[PDB]
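Protein chains in written order, with my numbering: chain A, 18 to 116; chain B, 27 to 76; chain C, 17 to 508; chain D, -14 to 56; chain E, -14 to 56.
Note that beta-carbon positions come from the ideal geometry of N, C-alpha and C, so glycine has one too.
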Amino acid sequence: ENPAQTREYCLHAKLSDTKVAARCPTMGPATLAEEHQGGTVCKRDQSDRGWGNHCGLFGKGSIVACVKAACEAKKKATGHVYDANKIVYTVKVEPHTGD
Amino acid sequence: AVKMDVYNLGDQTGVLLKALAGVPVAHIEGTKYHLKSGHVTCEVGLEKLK
Amino acid sequence: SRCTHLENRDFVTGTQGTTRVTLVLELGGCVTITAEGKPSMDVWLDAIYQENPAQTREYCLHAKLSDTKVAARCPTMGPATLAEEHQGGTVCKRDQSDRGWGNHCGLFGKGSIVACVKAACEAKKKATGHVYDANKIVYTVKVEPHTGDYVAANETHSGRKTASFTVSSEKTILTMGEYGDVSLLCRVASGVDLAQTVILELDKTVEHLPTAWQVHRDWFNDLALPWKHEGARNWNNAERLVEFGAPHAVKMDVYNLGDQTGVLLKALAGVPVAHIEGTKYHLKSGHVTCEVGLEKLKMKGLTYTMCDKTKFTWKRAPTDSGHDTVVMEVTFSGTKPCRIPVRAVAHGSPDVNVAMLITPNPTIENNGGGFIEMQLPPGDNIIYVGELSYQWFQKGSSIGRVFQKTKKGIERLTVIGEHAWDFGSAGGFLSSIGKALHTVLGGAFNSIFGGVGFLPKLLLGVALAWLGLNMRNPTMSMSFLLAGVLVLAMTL
Amino acid sequence: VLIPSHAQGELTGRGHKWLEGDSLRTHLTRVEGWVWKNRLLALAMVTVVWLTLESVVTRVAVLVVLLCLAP
Amino acid sequence: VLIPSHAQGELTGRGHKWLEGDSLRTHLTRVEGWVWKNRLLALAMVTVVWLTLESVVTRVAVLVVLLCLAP
Ligand SMILES: *[C@@H]1O[C@H](CO)[C@@H](O)[C@H](O)[C@H]1NC(C)=O
């Protein structure tokens, strides 16, 4: 009757607040406040900035994107465990009454 | 160079359901989390029957 | 110059005589054409689309199950049937239960049972496929000349001329202002193999997914999902998402396989994406063999004056282009229009021009001008814009840029480059035989070995090489060639 | 994303269970997928049996292994 | 119910793709699945090398194949 539960797993990620910081190659790999909460996914990378996006230099333009990885409603893979304090083994016994 | 696009991998339900080939099922009758397969050892005394 | 904006850039020379350059415009690429006596062009494959193409097999990923009807019988009392067994959009499975007596059969044994569901599809989970018809496909080549102006990605360049490329449609004479004109002889069906190119489409309105993909057709028709065409009320092979178990003497229970989106998304591992913009289904990968003629071109502003050597000001400092060339932007303040005396010296007491100018005869117009690109030899260099000068230490190497062009030429030879040996122009005993030595090789290695996987590409080749080691006849020991082929060719 | 199956556990079962009738037969449809759709490479496998070192025990232990390598 | 991957297909590409640094490495992480969960089998394949084979060239062809066969 309603035991403890363990690790749940979200099978459908609810992405939200998708922001991308990018900088020209020697213009300071950009800090983002979104990195510092949990349920957020960020990844650093080196793109190639041009003058098509208003820089002064070219090369390995630093870039990083972030999201808030929430979950979808009722899309949890909830694992459980057993405590033998509330486990019940039910045994019904029926004789041969002729019926 | 401006927008590193982020992509969800969508629902992974059927992915998990392909990983459950050969599993014994388990019923949930609301409060109770039933198993459908198991084993136990019991002792049956019939000296008090007639 | 849009070729400056992206990394995958190719430089093609033009000699005195060579005026009909056969290019292979690759999607997400940009080719800079240079020619002695002609102004430089930038020609690129811009987009590949077809407005609302003929959609193939749809698919269902998440099943909708309702009106679950189960009937069971005794073994020898007329096995179970239903009216919904033969109805459309229904998934059924005949089975045999274990009839006791609480379910009220006169006999024991294997009483037949069947369960049926109105297996519809869940909304907006359709994996719709699309194919490009060559009769209505549109290649798009935008040509921008090196005007000396500079335009960013937010803006569109004025002189950037655009031509659409369908089959009702041959070669375009683009009016390039006063530069002359340019011709674009493109070919329609000899770009992407449209017979084995399927545009997979999931719910485009879903935000954080690619809109479309580009999958192989034999891959696409070997899916084990429920499939139908447009307007079909019901599905075919609808039983490939709906599962049943064993029954328990009265009812067999139905168990959906839920959504299968992620199974599809894992299965597109290494597939080029594609874009959907309303009616247009663009691609994000592809290639086309557009022969570009430099025939009508002429150096604009030869009749223009020379600018004052004193009055040159840097609007923008020089820098490395990423392609081992030097870009910059000057501003002239005196009488316009005029020609910019660009030269670059070697800084070894030279007074020698080493400025391999990408844009020949850079000119200042009455409304713009100054964007100059040039290639330089390695070491210290001073780029003189008139009397205006600036120091420059070129970061490239003497054989490093040659090794860079071979590092281009190797990765050019992807499946785009397997076809693209016509990037030169009628080499005879160089390029035409270059087609011959690789088409019968790669083509035969596309009949077999196409549909094998990276694991057997890295293991079956080494296994056949190891069978080359374990070979009885020394004349038959040339099956060690499969080491040199199967570990190198299809491993990039 | 990775998930391996529950082929590792296969713990109990005398009630109701999943598709164990077609769980091991997933792979038996996969490998026949490697046969029926790559018939040229399927006939390329014969060139190891009657041409290379056909030591009796190490024939099948190479054949079925090589067929089941391709996922 | 099985969708095959594009291990098979691999048409083209100069645009953007899904997982090119993971398609080859899904199987490598699965090998880590058959090692990290099965450290006792990581020890069981050692006795394959030094106590049974004595066939130094073919040892790698035993080990790597018996790991990659594990799905
Ligand atoms: C295009 O032009 C404006 C005007 O200065 C500029 O601020 C903006 O950054 C440009 N747009 C993009 C998307 O970069």
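Kindly examine ligand 1 and report whether one of its heavy atoms sits closer than 7 Å to the Cβ of residue i.
i	result
residue 173 of chain C	no
residue 70 of chain A	yes
residue 23 of chain D	no
residue 47 of chain A	no
residue 79 of chain C	no
residue 168 of chain C	yes
Going by other Cβ atoms of all chains shown within 10 Å of its Cβ, with 16 needed for buried, is residue i buried or exposed?
i	result
residue 391 of chain C	buried
residue 273 of chain C	buried
residue 21 of chain D	exposed
residue 396 of chain C	exposed
residue 55 of chain B	exposed
residue 68 of chain B	exposed
residue 189 of chain C	exposed
residue -1 of chain E	buried
residue 419 of chain C	exposed
residue 55 of chain A	exposed
residue 2 of chain E	buried
residue 500 of chain C	exposed
residue 195 of chain C	buried
residue 49 of chain C	buried
residue 278 of chain C	buried
residue 453 of chain C	exposed
residue 366 of chain C	exposed
residue 415 of chain C	exposed
residue 44 of chain B	buried
residue 124 of chain C	exposed
So, for residue i: in the same chain, excluding its five sequence neighbours on each side, which residues have a beta-carbon less than 7 Å away from its beta-carbon?
i	result
residue 66 of chain C	148, 149, 152, 153, 154 and 297
residue 63 of chain B	50
residue 375 of chain C	56, 162, 164, 388 and 389
residue 179 of chain C	157, 188, 190 and 200
residue 347 of chain C	329, 331 and 386
Within a Cβ cutoff of 6 Å, which residues of the same chain sit near residue i, ignoring the five residues on either side of it in sequence?
i	result
residue 141 of chain C	77 and 78
residue 456 of chain C	none
residue 404 of chain C	328
residue 86 of chain A	30, 56 and 58
residue 321 of chain C	354
Going by beta carbon distance, what residues of the same chain come within less than 8 Å of residue i, once the five residues before and after it are set aside?
i	result
residue 335 of chain C	342, 343 and 344
residue 188 of chain A	The question about residue 188 of chain A has no answer here: the residues shown for chain A are numbered 18 through 116.
residue 21 of chain A	97, 98 and 100
residue 98 of chain C	85, 87, 108, 130 and 132
**OP:** Please confirm if the region 129 to 145 of chain C is in contact with the region 73 to 92 of chain C, defined as three or more CB-CB distances below 8 Å between the two stretches.
**Re:** The region 129 to 145 of chain C makes contact with the region 73 to 92 of chain C; the number of CB pairs closer than 8 Å reaches 3 or more.
**OP:** Jot down the residue ranges of each uninterrupted beta strand (DSSP E) in the region 53 to 103 of chain A, minimum 3 residues, whole runs only, in chain order.
**Re:** Within the region 53 to 103 of chain A, the complete beta strand (DSSP E) segments of 3 residues or longer fall at 57 to 64 and 78 to 85, listed in chain order.
**OP:** Any chance you could list the beta strand (DSSP E) runs of at least 3 consecutive residues sitting entirely within the region 26 to 54 of chain A, in chain order?
**Re:** DSSP runs (the beta strand (DSSP E)) wholly in the region 26 to 54 of chain A: 36 to 39.
**OP:** Give a yes or no on contact between the region 10 to 21 of chain D and the region 436 to 445 of chain C, applying the rule of three or more CB pairs nearer than 8 Å.
**Re:** No contact exists between the region 10 to 21 of chain D and the region 436 to 445 of chain C.
Original post:
Is there contact between the region 470 to 478 of chain C and the region 498 to 507 of chain C, where contact requires at least three CB pairs shorter than 8 Å?
Top reply: Yes: at least three Cβ pairs fall under 8 Å.
**OP:** Can you check the region 331 to 363 of chain C for any beta strand (DSSP E) of at least 3 residues that lies completely inside it and give the ranges in chain order?
**Re:** For the beta strand (DSSP E) assignment, the uninterrupted runs of no fewer than 3 residues enclosed by the region 331 to 363 of chain C are, from N- to C-terminal side, 341 to 348 and 358 to 361.
Original post:
Counting Cβ pairs closer than 8 Å, one from the region 229 to 236 of chain C and one from the region 209 to 216 of chain C, do we hit at least three?
Top reply: Yes, they touch.
Subject >> Any 3 or more C-beta pairs closer than 8 Å across the region -13 to 2 of chain E and the region 484 to 493 of chain C >> reply: Taking a cut-off of 8 Å on C-beta distances, the region -13 to 2 of chain E does not touch the region 484 to 493 of chain C, as fewer than three cross pairs fall below it.
Subject >> Length at least 4, wholly inside the region 402 to 485 of chain C: the alpha helix (DSSP H) runs in chain order >> reply: Fully enclosed alpha helix (DSSP H) runs of 4 or longer: 416 to 428, 431 to 435, 448 to 463 and 470 to 485.
**OP:** Kindly confirm or deny that the region 216 to 225 of chain C and the region 32 to 46 of chain B touch, where touching means at least three C-beta pairs closer than 8 Å.
**Re:** In this structure the region 216 to 225 of chain C touches the region 32 to 46 of chain B; the number of beta carbon pairs closer than 8 Å is three or more.
**OP:** Kindly confirm or deny that the region 348 to 358 of chain C and the region 235 to 243 of chain C touch, where touching means at least three C-beta pairs closer than 8 Å.
**Re:** The region 348 to 358 of chain C and the region 235 to 243 of chain C do not touch, with fewer than 3 CB-CB distances between them shorter than 8 Å.
Subject >> Contained alpha helix (DSSP H) runs [length at least 4] in the region 22 to 47 of chain E, N- to C-terminal order >> reply: If we require 4 residues or more, the alpha helix (DSSP H) runs fully inside the region 22 to 47 of chain E come out as 24 to 29.
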